[PDB]
Structure formats: C-alpha cells, structure tokens
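J.: Residue numbers (the UniProt record's numbering), protein chains in the order written: chain Y, 30 to 251; chain R, 1 to 198; chain G, 1 to 198; chain L, 76 to 287; chain F, 34 to 266; chain W, 3 to 127; chain S, 20 to 215; chain B, 20 to 215; chain C, 20 to 241; chain U, 2 to 205.
Quick one: the structure is below, questions incoming.
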Amino acid sequence: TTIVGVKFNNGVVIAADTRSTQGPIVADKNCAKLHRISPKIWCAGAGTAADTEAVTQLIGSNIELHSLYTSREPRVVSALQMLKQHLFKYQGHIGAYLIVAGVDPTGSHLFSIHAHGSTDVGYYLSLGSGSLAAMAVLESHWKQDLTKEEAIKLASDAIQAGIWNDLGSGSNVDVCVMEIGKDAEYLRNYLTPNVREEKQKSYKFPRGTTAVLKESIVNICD
Amino acid sequence: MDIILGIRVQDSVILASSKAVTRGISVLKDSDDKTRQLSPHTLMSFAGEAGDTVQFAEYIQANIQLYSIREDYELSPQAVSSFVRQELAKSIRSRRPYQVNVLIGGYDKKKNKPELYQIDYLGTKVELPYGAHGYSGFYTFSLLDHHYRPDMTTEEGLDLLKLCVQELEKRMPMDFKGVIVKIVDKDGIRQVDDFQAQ
Amino acid sequence: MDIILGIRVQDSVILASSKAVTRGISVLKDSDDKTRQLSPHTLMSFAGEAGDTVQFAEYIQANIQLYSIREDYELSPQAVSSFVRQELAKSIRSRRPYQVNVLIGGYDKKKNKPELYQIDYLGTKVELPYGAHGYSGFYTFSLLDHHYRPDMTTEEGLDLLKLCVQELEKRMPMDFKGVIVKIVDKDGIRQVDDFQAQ
Amino acid sequence: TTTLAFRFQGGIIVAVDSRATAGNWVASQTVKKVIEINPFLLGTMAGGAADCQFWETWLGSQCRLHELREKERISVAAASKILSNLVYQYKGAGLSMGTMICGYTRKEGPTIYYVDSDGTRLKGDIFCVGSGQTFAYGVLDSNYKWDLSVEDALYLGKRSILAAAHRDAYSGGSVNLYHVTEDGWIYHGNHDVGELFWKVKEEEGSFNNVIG
Amino acid sequence: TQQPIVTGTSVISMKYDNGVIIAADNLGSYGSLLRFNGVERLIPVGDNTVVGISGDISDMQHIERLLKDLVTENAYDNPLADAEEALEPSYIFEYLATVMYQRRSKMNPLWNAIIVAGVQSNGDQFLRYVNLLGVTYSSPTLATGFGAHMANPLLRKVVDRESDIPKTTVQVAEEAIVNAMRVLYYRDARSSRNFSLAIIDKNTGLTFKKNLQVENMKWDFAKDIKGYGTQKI
Amino acid sequence: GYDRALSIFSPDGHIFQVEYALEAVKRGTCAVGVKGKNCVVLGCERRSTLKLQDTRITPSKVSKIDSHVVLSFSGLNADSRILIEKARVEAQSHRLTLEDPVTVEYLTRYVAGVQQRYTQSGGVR
Amino acid sequence: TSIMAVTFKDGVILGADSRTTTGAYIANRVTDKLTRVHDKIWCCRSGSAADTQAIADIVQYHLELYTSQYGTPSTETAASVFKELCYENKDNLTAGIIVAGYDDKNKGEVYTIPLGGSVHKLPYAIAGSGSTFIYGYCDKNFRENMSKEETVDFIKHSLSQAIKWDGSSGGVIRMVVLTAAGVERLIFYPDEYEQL
Amino acid sequence: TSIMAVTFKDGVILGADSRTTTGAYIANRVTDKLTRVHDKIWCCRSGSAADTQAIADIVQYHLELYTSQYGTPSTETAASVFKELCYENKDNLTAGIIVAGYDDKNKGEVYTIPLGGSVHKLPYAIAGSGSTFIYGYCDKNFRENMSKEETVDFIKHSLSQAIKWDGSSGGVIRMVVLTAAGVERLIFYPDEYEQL
Amino acid sequence: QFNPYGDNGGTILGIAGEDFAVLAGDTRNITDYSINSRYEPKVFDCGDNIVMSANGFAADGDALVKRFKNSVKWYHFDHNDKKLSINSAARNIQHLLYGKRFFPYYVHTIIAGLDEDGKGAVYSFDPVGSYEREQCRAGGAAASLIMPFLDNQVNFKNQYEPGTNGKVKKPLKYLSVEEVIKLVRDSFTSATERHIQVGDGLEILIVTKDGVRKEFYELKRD
Amino acid sequence: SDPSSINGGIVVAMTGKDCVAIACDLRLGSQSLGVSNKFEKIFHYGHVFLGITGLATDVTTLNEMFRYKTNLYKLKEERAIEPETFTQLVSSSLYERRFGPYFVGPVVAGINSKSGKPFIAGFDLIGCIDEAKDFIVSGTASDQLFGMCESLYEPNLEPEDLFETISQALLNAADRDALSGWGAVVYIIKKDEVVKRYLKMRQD
C-alpha cells in the first residue's frame, strides 16, 4: 500500500494506490483505500485492512453523532484525538496506520496516526510499503505554497513511485481534494495506468464440456 | 485412542466401542461401556480426554432427560445431535474445552429411519452411513467403503462390524480389549452380549 | 517397547520374545524372531531402536562365529557376554550409540550350568535367575520373585513363562502378538513351536 | 503415497499410486513409484521423492555390478540388504523412505522385503507402505487368500490402492500394477483413478456413500 | 556465520549514454553511533572500474586487499597488463561474485552488498550487483540497502528501461544521483552529508570526486510545525 | 612410509620377487587334493628335520575358512596365517551381507586377489 | 532523540532535536519534541512516542482541571503528575520525560523522570539516546545563572554534538524559552549548528 | 574501561583508567591497560582481558621476530598484525584495541581496531565503555599539534570525565608519552583529576 | 543468525509440442518488496539443444545452470563431442542436485528440448533431484496459479465431449507452436495480475530441430 | 495447527450477464483423512447466497448464526435482506470477534431484487470486505482458483456459459489441492430462478 498527504495553499489532498494483497497474491486489483470520516475529513489507511476500515467507521460514526450534538462541523483534530486514544487503548493490536486529512472551521489539516497511538503533523506524509518510494518523490519535489494542481500532481506522482517500485502496491491512483471553501472532491481512479492487455485467446467452453451428475431447481420464495 | 465405530444399516444404527481403559503402563479395566443412552431411541458413544469424556456424556444425558420430562416427548435424533454440536462448539472457545469426540446413533420414530451423526470436540458435525473417531477410521473407512450397502439388514451390519473389529485387531498397535456393540432401532436400544465370538 | 524375557531354570535358559513389529499406526509383522544364535550353546534376544536392533545382533553374531572358526572352540557364555558388554560400553560414548538392550542365554558346557545375562544399551551387565527389558520387567519381576525356584525343570520354566506372558497380555497396553520361546541347554538351542497355546 | 505388495499362489502383486505433494499442493499425479531394478526385481517407493528415486536407481546399479561380478542374478534378500545397509549408514541424517524390494529367484521363489530409512528390514507376505497404507490394509487384509487367481489378486491389489487414493488426501492420480512370476515382472497397466473410481463404483456397487 | 559491526550504508549507481556513475557517503557506523567519517567506500580498480561496497567495513577492507592483489597478480608475466590484457570490470565482478557465493556456501559470509561499476574495453557500460548471499543482478540503475528503496524510484524516472540509456547525459545522470544522495540524507538515519562520487566514461575515463556535500536542503518549513496534533504554540 | 617397489619387471619380463616366491613354495612340504564324485580330500606331508613335537597343539596344515570350506598350502607358514585370517574374515563378512556362505570359487577368487595385490603394491613382498 | 532543559538567571530553556525513527528510517525529520502541558510548564519527550504523547495529553488535562479549581500549578506539581503516571504504570510504559516550567516565585525549575518513574530536580538535565555523548561536555560547560544568550548557546552546542554522534537524533534544534517575559520559540537549522 | 591515544606535535600519548571489573566488583583498581608491544609502539586494551592480553602477547612476539630480521617495525605494521589477529579470529574474540607508536619518519601515529577487526588511522582515538561519554567533549577540545603539556591536559580531562560517568572506569589515570626523546610513564591520582 | 537462502521470485513455464518445446519465464527478479531488476534472464540455452531454468534462490539457480553448462562442455571433451540427449541431461541434473542433498540448491528447475525421436520434451526437478518427464510444467512463484490452467488447457482435464453426458473425454489433439505461445502469454499475463512477484517482461525460448529461438514480450510493471 | 487447513474445501463466485454463480467442493476431512463427501459449503437466506470455507465447525456455526439474524431482519424489516446489506451484516458480525475470530473465508453472491444488479463479495476472517465485480475465491486451493479465474474469466457470460467457466475453474483448481474436491456443486442464479448442479469429478 502507498498512501500520501500533501498540503497546498488552500487545502489538503490525499492519494492512495488500489492494490489489496494476501501474502504475495493480489486479492483486489482495485479496492478503495480512501475512507470518509465526515464529509470533509478523509482518511487513507495501511496495515490490517479490516482494522483501518473498522476504526475509520467507528470514529466516523461518533464524529457524526458529535457533530449533531454540538451543531458544529467535525474538526480534524477531533478525529485525530478519538482515533489515537482508541488505538492507544489497544496497545497496537488494532493494526491501523492512517493519514487523516480534511478542512473544518479552523483551517486545513494533515496528520498521520500509528497503530500504537502516536500522531504526527506535517505538510507532506506517506505511509505503507510504498512509503519510501513515495517519500523519495515528495522529498524531491515538494515546495511550500503548492497550488491545488501542483499538489494533485505531486501526490499522484508519489503514489506512482509506489505502484511501479513497490510490490505491495499497484494498479490505480485514487485522489481526494479538500479545499477550505468548497465541498471535498473524491476522485476514484483518478489514474488507471495498469489496464490488462487483451488476452491472446478466449476460453469460453463449448456447452456440455462439464460432466453433471444431478440437477434441480432451488426454492427462493417463502 | 479408544475405538469408537458406528454404522447405519437399513432399519438401525449399530455402535461398537472398545472396552479397554488404559492409563500409562496399565490396562485398568477391560469391560468399559463408552456409551450413554440419551433417550429411549438415541445412543451416544464417546472417546477422548480422561475426565472430560464421561463428564460430558452424563451432562448431555442429564439435559436430554430434563427436556424429555418437561415436554413429555422425545427429541428427534437430528435435534439431539444439533444440541450436542452447539455444546461442543461453545466448549472449544472456553477456558478449558471438553476434549471429547462422539458418535450419536438414534432411530427417528417420526421418520422411521436410523441416523448416525459423527461429531468431534470442535463441534464438527456430519451425518454418515458409517463413522469412526480416532485412528480406527484409518483402517475402517476403506473397509466399509468396500463392503457397505444401504439395504443391509441388522445382521449384515453386525457381520460388517465384526469384519472391522478383526481388521482393527490385526493392524492396530493397541489392545483395546474387544468392543461392546449396541443396536438402536424402532424398538429402542439393546446390547449384543455375544460379540466376543459371533 | 517389545517383550524380552529370560529365565534360567535348573538345566537350561528359556528366552521369550514378542513377535510384533509395529511402526507408528500399523503392526507390520506378527512373526518376528528377535533373536540371534551366537554359538551352538549361546542365544541372544534384543529389543530397542528400529535399525540398531538387528544390525547390532548380526554384528555380534558375525564376530562370535569368526572367533569360533579361528579357534575351533566355543567361547563360554560368560566370555561372550563380556564381549557384548564392552561393545555396548564403547558404543554409548560414540557419535551415534546403538540403542539396543539384550538378554544373553547360554549353556556353559564346561561348567554344565545354564546362564542368563541381562545387558542394556549403556553396557550394564548383570547375571540373573530371570531378567526382562523394558516395561515387561515392571509386571514380571514380582511375578517371578514369587513363583521362581532354582531347581525348576525346563517344563516348570515354560509354565512360569506362560504365567508371565498371561500377565503381560492382561495388563500391558500394547498387543505384542504373542512370543517365540527358545530353550538353551546342554544340547544346543531349540524352539518351542507350540506356545500359542501350551 | 500408497504402495502395496503381497505374495500369493500366482506369485506377487505390486500396486502403487502416483501422487506427489509438497504440503497441500499436488505436485504430480503422474509419478512412477515402481522402479524395475531388473527383469525380475521391482522396488516400490514411498517417502521423499528424491531419496527414493536416487537410492533405488543406485540400488539397481549395485545389482547389475553383482551380476557382472558373480555371473549370477542377485538374490532378493541380498539386493534388499544392499539398500538397507546403505540407508543405515545414513541413519539420523534425515533420509526419508519406506520401500519394498520384490523379486523372484529360483533359490528364494516369490519374495518381498520391507526396507525403510530407520534401517528396518523385514521379510513378509503382505506389506502396505505410505501415508495411505492403513486404507490399503483395510481392503487388502479383508479379501486376501493365498489361493487367489492371478486375475483376482491383480484386482484386489488395484482395488486396494483405489481405496487409499480415495480416503488419503496424499495419495491419488493413477494405479500402476505389476505381477511377479519367475519369468520376471509383468506390467499390468496404468489406471487413472479419475476413471477407475466410477467404473469400480458402478460394476462393484461399493463406494456406496459418494453420489454418482 | 557472523554479524556486522562497523558498517557503511547505501551505494547508489546508474548508467548513462557514455558510462556509469556510482556514489556512496563517507560514514562508518557502529550501531547507532556515527563513529567514523573519513571512510571511502568506492574502490577504484585500474581506470575502467569502480567498486562500491556497503555492509561490514572490516570485510570491505578485506575485499579492498583482494582487489589490490588481483591487480598485482594480473601484472605478473603480463606484458599487456596496461592494454589488451588489463583487468576488465566484468572480470573483477565475476571474481568477487565467485568469492561471495563460496563464502555464503561455507556459512561464513562477507557481510556486504557490492556494486561493480565500469566500462568494458569495447565501450559497453558495466553495472552489476552481488551481496553476502551470492545473489547477482543487473539493471539500468542499482542501489543497496536504503538506496534500493529510495534511490531506485528516483533514478528509474530518468532511465526506466534500457532504451533510455543513450538518451541520458552525464549531466542529467550526475544530477539524479546527487539528488538521491540528498534524499537518503533526509530519511536514512545511518547516512552522512559527505560522500564520494565517481564517473566512468568511455571517453573521459575515470573521474573520482571526493568530499562532496549534500547542499540545497529544505529545512525552513520546520519552523511552522509545532506540537503533534492539537498544540498551537 | 616405506613404499619401495620390490616386485618389478626385469628385462626379460619377469617379476623376480614373485618368481622367488614360488621357490619358497617348492621348498614347502607337499600338499595334494583330489576330488571324488561326492567329496574332496586334502593330503599334506609332515617334515622330519626335528621330531619331538606336540601334534596336539602344533598348527595343522589344513585350515577351515568356514564350516564348508578348507584351505591347505605349501610355502612359508607365517605367510599362510595372514591369508587364512583374511579369508576367514571375508567368509563372515559375506554371510553378513549376502546372507549366504561363500562359494568355493568366490573364497578362492578373494584369496587370489590378496596375493595378486601383494605383487604390485609398494613396500611389500 | 536528544533533549535537554537548562535553568538560568531569567528562567529556563528546553531544547530538542527533531528526528524520530522507526529502525534506521527517519519517519519524521521535523518532529516537535517540545510539548506544552501548561502556559509556562513544558516537557521534553523521549521513549515511546505513543506513550509519551498519551502521558503528556493526560497531564495537560490534569493541569487544566487543576487550574480551573486552584489556579496556576507549580512546576513541582506538574512533575508530580507525570511521575504518578510513569511510576504507577511503569510496567507498560517506556517514557523518559524532562519537565521544565517557569514560576514567578520559583523562577525556572527542571525535573527529570527517567524510566523507572523516579523524580529528580536538577539545575539542568539531558536525556535521550544522544545524551550519552554529551555527559562529559555538559558537565564541563554548564554554569548556574547563565544569561539567555549563554544558555541558548550551551544548549545549541550540546545538542549539535549529540546530533553529531547519535544517528537517532538530527534535523533541526528546537528551543523554548520560559521566563516572566513569556514564551519564545527558537529554531536552528543544520547549516548553522553543524559548523560549531 | 576508558582508554585513548592522542597524536601531537612531538609524538603521541596513550592514556587509560585502571579499573577492571567482573560485574559490579572491582577485581583490580590499579590495572595497567597501557601495553608495550615494542620500544616505541604501545597499545590500549579494552574488551576481554584474557583476549586482549593474548593478542598483545602474540603481537609483541611478532614484532620481536620482525625486528630480529628487518629492524624496527613501523607503527602501521604493528597495527597490521593486531588487525590480522582480530579480523581473522573475530568470531572468538572480544577485543577493542588502540595502537599508538612513535616513528622518526612518521612521528606519532594512532590506529584503532574496533570489534569487527577493521583498522582506522586517526589524529586521536577514544574507546572503552567510558568513551561514549566523552565523544562530545573530545570532539570539541581536540586540536592537532598540541604541546606535550596541552595533550597531557586533554587526556587528563577527557578521562576524568569518562571516569566520572562510567562506573566500569576509575582508579588512577595512566599515561605513556612516546617521542624521539624516549618513553615516559605518567600517573595521576583521584584527588587530582576528580577536581578538574 | 545467518540464513544462506533467499527468494528472488519469478515464474517459469515449459510446454512440449510434437516436434518443439518451449521454456518461458518472466524477467523480473526481486527481494522482499523491492525489484532488483526488471530484466534479468532466467531461462538459458545450454547447448546440445537444451534450455533450462532453475527458479527460486537466484544464487543457487545460477550456480546450478553454470555447473550443468560446464557439465555439457566436459561431456563433449570425454565422449568424442557426443551430443548430450535430454534424458541424459535430466539424469545428470539429478546427480547435480542430489549431490547437495544436505544443503540443497533452493530451486525448482525445468529443462526443455527434444528427445532422440525428435519429439518435444520437458523435464522438471525437485530441489533435491527428484524428476519426471511431462507435457508441460509451471514452476516458481505463480506455479500454483498456472499449473491448474495448463492441466485444463494443455491436457484437457475435466473437459468432455458436449452432449456425451461426460462419458467421452475431450480427445488429446496436440498443440502447435502458435497455440502454445498463446497459452504461455496468457498464463503470464494472468499470473502478472494476481502475483506481486511476476511481471516486467516475458522471455520464451523455443526449441526445434533447427535450434533455439527467443521471443520477448512486455508485462505489466506494477 | 492451522484452523484453515484442517478440514479443507473451496468456494468460488462469479458474475455473468444478469446472473451470478457460486460454487463449492464437497470435501470435509481431518488432515489427510477424508471423512465426508457431502459437506456442502453454500447456504442461502432468501435470495441471498453465502458460501463459507475454513474450519467446518465455524462454517456450521456461522450458517446457523446468519439464518438466525436474517430471520429477525425479515420479521422487523418485513422484506428479505439484500446482497449489499447482508455483506455488511457478515462483515460486522466477523469483526465483532476481532480477537478470537471464526476461521472462515465467506463469500456472498446474489441479485439485488430491486435493481436486478448482480452482486458478489469476499471477506477475510475478521470481516474485511473484498468487493470484486468479476470473481471471489476462497479456500485451501485459493491460489489455484485465482489462477483459473484470472485466465478463464470474461465479462457478461450467459448463464449456460458462466456455468461452464465457473465449473472449470473450481474443478481444475481443486485437482491441484490435496484438501479440496471429493464432489462439487454449482449454483446458477438469475432474478427469477436458481439451478443447482452436482459436478462429476476425481474422487482422490
């Protein structure tokens, strides 16, 4: 997995690859690693997939309930505090590593959280097995005061570094832009540089090829 | 382990269970009945860990008898087996699981058909024409896979077991001191006191 | 382990040895002769580790036969036993020791007296009225401690073994598939082909 | 793996399966587990593929040298002991093999020897070796008679391996048959379990459980 | 079997149109202690080959001695030692690879990752890697340790496949390598700012640059970062 | 350490040491063997250079290699022992591995090989 | 990590490097190890980031509720809370914390809570992997009552050395000045401290 | 243990503490860690006493036979012998040796052979458990070409600090001065260096 | 503690035609989650019309190939330049492998060529020398994904004559070099999709009575 | 040792044109010993189908559980649960046992009764959802199934064709796995009808 976060002059963007894997086998060639905590707080996660997904929804759920209770927009620091205290409580057993970003009444934010519960703040971050390939790119092109477009490029380029150079990463690039004044825009499959070439042959079998022993109708209606 | 075999013929279920109880270097008893009657038409054989074995059997026996008196009715073999599977399935994830394997043979008076259920200590249940627990299965499954027929009479079934028991007495390393055979059919449960030479 | 018994009566030494050869889950053979004749009046029974067992027996056999031909004479039972002890005592401190236990029964033509030697794989030798290796000793030493007499005839000796073998077939966990009995006396070594029911 | 060999009136029957595995992975369904040491000596193979193939092929080379040296066909006993003694030299090193040396000499007649990597060497009339041995024993033991027909014996053997291929997850593929008479071994075909099972089921009425 | 004590980090390299470039910082680490700073880890052999070594420094010094001997020995009864019969980069590599595999095969490895860079006599660029396991491979770009994770992605953006070599100039190449060295300085905790770089060009020969330093580093944005989440001052 | 070539060819193609070895046999007491239709008999003569021996203990001329094979000889007595011992050991080794006593031709082929080997090995006569 | 706190004439200063690693990889090169638990009570964190962050967050909470009820807390009290958490939970924590605050009655104070959970009040304190290398240097150059400028210099030099030898330390040098005047953030980049 | 070698204008000086421990017990408080392998080639031993002693004894032997045949050996050659033994037998040795000699052509030279068996030529070198504490101090106070008196002072201070912080070091501070003038033994007691 | 082995990924495939045979393999070589090379040949022409690949631990595979080639060389020197038949090479390889029975060449090796009747032949080996001649065989990382495919598409397993009620098995008509190359390419594009250690490039060596020919095809680089 | 390798078994699901297919083998063994060749691993609640590979006792327990939950769902919701919804119910139910999971590999297949759209999904033992449009695989011969599916599969196959493809994938993958096979059943599902067929395969 390769997930990144890049702050720009008026917001923040997060991106991620789309390869899911069990050991060396690719289970999902196009999963979505970008999760929504609240409409404008998005999260990307690496590590135990079920954990990043469960922790994201749990905190997301409480963030919604909190927002309704306080009649205010969710704040990134709240998702951060709730996530970390939860992960900390479980001493690292909830293998969730996340890069959480978003905009709220106080501005734009970019944070990272580790399974044990420590948090970081910065202008550009990357996590996952592609972490290094991506960070190499970010360390070579990041600059202060990037435009929304420059940020998308930088982020998109980082995820690519991962897709190509990291075996734990591949397929497509999903992006999500969060600009201080507008709605957050999720760009599912913003890039798709790995389309399978047309197969050399068709393996459609002649009907009757398979030997059947018994046949019957199944009752679905009650 | 101990020998726990079961075979469902035409109108009945036959259960053969070894008579030995060995602890370490000594064979403490040679007339052990590794079975408990759960209801007039349901019999259960068991083998496994020293204490868990009987404690479990008697526990299940008690519950079925309680059900029988409360409802003045006899749960079908399928129902009793489902209850036992769930009990073992709870057990496997508890502090100290019951390490017991069982065969449940019962005659379903409502369907008028014999039934044989095999359930291991993990709560793995499967209904079979014939079953076995432990090392026995290794020499009796192919035997029965060969000499078994659905329409066999109770008598052909007993001959079949005898054949199993002989294979077990030839190739098995342990002396399980023979078996105790019991028949479950439309008329209840009876024991074949003459298998020591049938 | 296997059953290796030996009993020295009035004018002979009787050696009883189990016939089973079990590997894991299967009893591969039920007519195994766990003995090697070292010389016309010296017999050796053995039990232990799978390969070491026979390899050792035959190795000792070969050496004794070589001695016999070189000297045109038969080493006394005491001498043959001392040679075997030293062989095992060397073995215990080598790269891979022979894990073999043995009973050496021989008739000493010069003294005109039967002799029984028990030697374990460490090279521990002791001369006895009766001996056993493995778990057997646990049920046969007190038996013999009770029913044994120095003046017993070869016939009383065979009755004594039968008594041992019966105790072993009642309390031992394993099915050793009976024993092969051999008599060593002033006239050599002969086998009692009828012990399966004597 | 499942392999058997048994002595009867018409000589010796030798049957083996042909599956090879590495864990749950079925590496092969077409492996030869019977090496024809020579016109009158067969060797069955069970355990590590390499260990068997290598050492038994080597055994053959040793038998050939015996014949050039003694101007006489090696005895089943002497041939089996070569392997046994070799395997014993390596005791403890990790060789893994359960083998059967089957042959026919004028001097010994039909003869079978069990030889494993533990160093155990046994002469007998019936032997089943391999992860599926118990399954074979169950079928073979309950239908064996010294007086079977070369036709029936062949079948029991074939049927015994079938039984094992069915119940043992580590046995399968096809059955390779052999008949041993003083004029040497006679190959009796390679029967794919894939078709043999159904045929036997129908014609015999057994395997009554499985649905067809 | 052993364990490394004093060590050297990454060795990055790539090949351009006329030759190959290889670099390595001058640090000799001892666990987390940045103990030595005057450690040259680029071993020049003759004038057409440069050997970059990472891993156990004591083993590196040994490999160094081996190389000096290979040179001395090749000169024996060799009137063409400085011409047709001079040490080729491929010879030097096959030698070292032979040694590496023999040692791992005797269960007593030379705890290193080595990259042999150079130009063959027929002008061909030579770049191959060998480590303590005896494993070997070639690629338009090669890096060891940390450089494999961070340098390769950057360098492969300049030369992704073979066809990109002729299109790459010494300047573009040397620039990519120098930027990589900076990146590694940012994220590799066992790296040094000072490093050596060497170019082996089929025309200009062997250029060995010493005492370089990572420059143009961005650190200013650090001032704007306070706390680890909710802190504002 | 000592490996001088003692048995070597001479100009006419003879190995003098082997030839002189035969002269040692010519000097030894006579020995004979005739095979019947169901037996083989071995006769040997007894010297008389000195008579006052103890025939009970004095080593006999006919030796048993195994229970079904015998070996008589003519020549150096001390030398015969070496061959007899090796023959006896090989006899047992053969029973141990082939599980069958040696054939007379086999046991013979073996003794002969030991003798042959001593004609082209260094340091030995 | 390399962190330290130094008391001086006008109050106290806290300094730290900015490198956090996970193995040999630099997970963050601009970390801010100077954490505020109260207006004029800060701390330096070493050990498990997850643990020290959780610790600090709890402490900040306690001093905030304390202030609500009893006014501004003494630096001694802040150090007591850290201690209570570190000592009582010593089996599950890997935290080495330097506490430094500025009071008006007590001027500057420095307390160090090492691994066990013990508390030690000192003129100045150094800690973190890189600290081992500057024990000699700091012992030889520390003087009580130095001037702000002198103190900033002492910390700047000491840490530059720690960063020089310890690979677990590096990046920028951050400082926090605590005096009656208020709170001042200071930073120093490699190009400056590397050449001292 | 805390030992060091420093090259200076007139040659080189070797210094060391005198404490050898087996656990927390001081087996010897007056140990002489300054070992002579040749007239003007000495070394400082750290690690296994048994190993370093055996090493040195072998080296002394080699330099003695070398001298018999080829005259006085260069300090570089002595360091090569130590290396040969330490590298080739790295699996069975726990030795950290500082080699320092005075030649007429090369003046003073210092070589350090750490655990692996690698060799490093340096202006000066520090080693031993106590050395970690004086890395910062020594880096900040070492100057090339110091005078004998300045060098003795540098070593005296550096070690006094090492001894101050490392419990595995202590006792007296021993020194050996190697110059064209000859060889001079120096000693300094606690009462003096403890108050520096 | 030192581990003498490593896993360099990759997958190889060998199919035998009626008068030809192929040995294919991706050109990617990896270590953990990094790519060492996108092009590092792994299938070799060893002379006497024999191609071989020893997949698994590269250093081991290389030493084996190297040893076998040197074997062929000496075979000529010692048997009047006689050609080494494929069956003979197979036996020779068995000894090479088994010679290291107690410190194995951690590789799954396959060789391809033509037998003495001109028929296509494929031989595959156990890490310690076990071997069998076959019609086709996949080896290496994706072996478990490809073999099932080859059982179905090369030996028509589980395939029957439509309408024969699974009573008649699909006839064993034999594949042409063109049909075979399609199966190979499809096998690798499929493998490349689901296995993170397969990709970059595919190189196939074709053996006919005229010698050894090579074809190369790109593969997804993610 | 490995709960997921004790009993053996596989399950695979594929989408087709206005149809879906879910198939499984019939084996249930204890290590090498084959025990039952009637152990089906596909179940259904309403029009939603669920296949489960892994530890047999958990396969059974989970089935009894989802029947229990889907029954109450119908009584309250007054409508049969949909594929999408059920997938979520399966996921949360698994994650609820995060630190003491059921050792299973579930697979959901069905047609949304309201949108007619075909649906399939897979899960790891702690509930992580894998939502593929083409095919989901599970079991001891999953590597094989991945290889077979990736090669044999192609979009919008018709019911009669998807049947051939799925059966060929299951069958050939099962035949390279010692713990799978011993019978097999395939389910062809369409908005209105569902056909169930038992395949003929090797019994070794």
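Using N, Cα and C, we set each Cβ at its ideal position, and we do this for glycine too.
Could you check whether the Cβ of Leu83 (chain C) sits closer than 7 Å to any heavy atom belonging to the ligand HEM?
T.: By its list of ligands, the structure shown contains no ligand whatsoever, and the ligand HEM lies outside what it can speak to.
J.: Compile a chain-ordered list of the residues in the segment 123-151 of chain G whose CB is closer than 7 Å to at least one CB of chain R.
T.: So the list reads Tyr135 and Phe138, given in the order they occur along the chain.
J.: Hey, how far is the Cα of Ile67 (chain W) from the Cα of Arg90 (chain W)?
T.: For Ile67 (chain W) and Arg90 (chain W), the distance between alpha carbons rounds to 5 Å.
J.: Could you name the residues that DSSP lists as bridge partners for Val126 (chain G)?
T.: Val126 (chain G) is bridged to G:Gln118.
J.: Kindly list, in the order they appear in chain G, the residues whose Cβ is closer than 7 Å to that of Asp216 (chain L).
T.: Residues of chain G passing the Cβ test: none, with the nearest at roughly 11 Å.
J.: Which residues does DSSP pair with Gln246 (chain F) in a beta bridge?
T.: Answer by DSSP bridge pairing, in chain order: F:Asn227.
J.: Would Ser107 (chain Y) and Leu127 (chain Y) qualify as a contact pair, given that the criterion is a beta-carbon distance under 8 Å?
T.: Against a cut-off of 8 Å, the Cβ pair of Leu127 (chain Y) and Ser107 (chain Y) comes out as no contact.
J.: From what residue to what residue does the alpha helix (DSSP H) around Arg68 (chain F) run?
T.: No alpha helix (DSSP H) contains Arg68 (chain F), which is instead part of the beta strand (DSSP E) from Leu66 to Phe69.
J.: What's the call for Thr176 (chain Y), buried or exposed, on a 16-neighbour Cβ count within 10 Å?
T.: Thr176 (chain Y) is exposed by the Cβ-count criterion.
J.: Can you name the residues that DSSP bridges to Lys197 (chain U)?
T.: Answer by DSSP bridge pairing, in chain order: Y:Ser245 and U:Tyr188.
J.: Have a look at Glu25 (chain W) and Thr31 (chain W) and give me their C-alpha separation to the nearest angstrom.
T.: Each residue's alpha carbon lies about 12 Å from the other.
J.: For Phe202 (chain L) and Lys170 (chain R), what's the separation of their Cα atoms in angstroms?
T.: Each residue's alpha carbon lies about 13 Å from the other.
J.: Let's test the definition: count the other Cβ atoms within 10 Å of the Cβ of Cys105 (chain S) and tell me whether it reaches 16, buried, or not, exposed.
T.: Looking at its Cβ environment, which holds 16 or more other Cβ atoms inside 10 Å, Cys105 (chain S) is buried.
J.: Measuring only between beta-carbons, confirm whether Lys111 (chain G) sits less than 8 Å from chain L.
T.: For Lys111 (chain G), the answer is no, since every Cβ of chain L falls outside 8 Å of its Cβ.
J.: Run down chain G in chain order and give the residues with a C-beta less than 8 Å from the C-beta of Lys63 (chain W).
T.: None at all; the shortest Cβ gap to chain G is about 14 Å.
J.: For the putative contact between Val41 (chain C) and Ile223 (chain C), defined by C-beta atoms under 8 Å, what is the C-beta separation to the nearest angstrom?
T.: With 8 Å as the limit, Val41 (chain C) and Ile223 (chain C) qualify as a contact, their Cβ atoms being about 5 Å apart.
J.: Pick out the complete beta strand (DSSP E) segments inside the segment 96-144 of chain Y, 3 residues or longer, and give them in chain order.
T.: Runs found: 125-133 and 136-142.
J.: For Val171 (chain B), name the three-state secondary structure that DSSP assigns.
T.: In this structure, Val171 (chain B) counts as helix in the three-state DSSP scheme.
J.: Keeping to the same chain, check which residues put their C-beta closer than 8 Å to that of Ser39 (chain R); ignore five residues upstream and five downstream.
T.: Cβ within range, chain order: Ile64, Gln65, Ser68, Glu74, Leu75, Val80 and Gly106.
J.: Spatial neighbours of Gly167 (chain F) within its chain, please: C-beta separation below 6 Å, excluding the five flanking residues on both sides.
T.: Result list for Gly167 (chain F): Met133, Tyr134 and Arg137, in chain order.
J.: Hey, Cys157 (chain S) and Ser177 (chain S): beta-carbon distance below 8 Å or not?
T.: It is a contact, given that the beta carbons lie within the stated cut-off.
J.: What residues in its chain sit with their C-beta under 7 Å from that of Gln196 (chain R), if we drop five residues either side in the sequence?
T.: Excluding positions up to five away in sequence, the list reads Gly178.
J.: Could I get the ranges of all uninterrupted beta strand (DSSP E) runs contained in the segment 38-93 of chain C, with 3 residues as the minimum, in chain order?
T.: As far as the segment 38-93 of chain C is concerned, its whole beta strand (DSSP E) runs of at least 3 residues are 40-45, 48-50, 53-56 and 70-75.
J.: Buried or exposed: which applies to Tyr98 (chain Y), given that a residue is buried once 16 or more other Cβ atoms fall within 10 Å of its Cβ?
T.: With fewer than 16 other Cβ atoms within 10 Å, it is exposed.
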